[PDB]
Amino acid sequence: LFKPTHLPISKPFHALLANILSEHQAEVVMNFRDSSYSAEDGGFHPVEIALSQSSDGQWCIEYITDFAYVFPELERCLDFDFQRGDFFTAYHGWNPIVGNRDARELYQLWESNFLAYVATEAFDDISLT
């Protein structure tokens, strides 16, 4: 139903995505928010994920962005941009994803964390647009 990218996106992550699509279905942007998250209380970083519906029928993950407070505003914190083939961190800057090992480990850790947060209902506000 989703395929494919150069990062090891998990079956559980596809299942989360798949679930939220059809839950709403009965080009798309998902937002995950912890309404309590503040600049010096902490909480869980908001996450945005973008998907578009392919020509052949199956969905494509466009990008994944995790935002955090950095006078504080929300800045991209981690970004995995599949459309463009780049990832971002405030430390790493922009680097290509393909055969890149920092990208892989960073993504696996990010995704394991995010899936834990979701499964324990860390986000009181999940919207689809």
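Just count from 1 along the sequence shown to find any residue number.
- According to the record, no deposited residue between residue 60 and residue 61 is left without atomic coordinates.
- A chain break between residue 98 and residue 99 is not present, all residues of the deposited sequence in that interval being modelled.
- Between 47-55 and 77-85, it is 47-55 that carries the larger average Cα temperature factor according to the deposited entry.
- Here the stretch with the larger average CA B-factor, out of 34-42 and 60-68, is 34-42.
- Out of 22, 10, 120, 112, the entry records its largest CA B-factor for 22.
- In the deposited entry, the Cα temperature factor of residue 18 sits in the top third of values across the chain's modelled residues.
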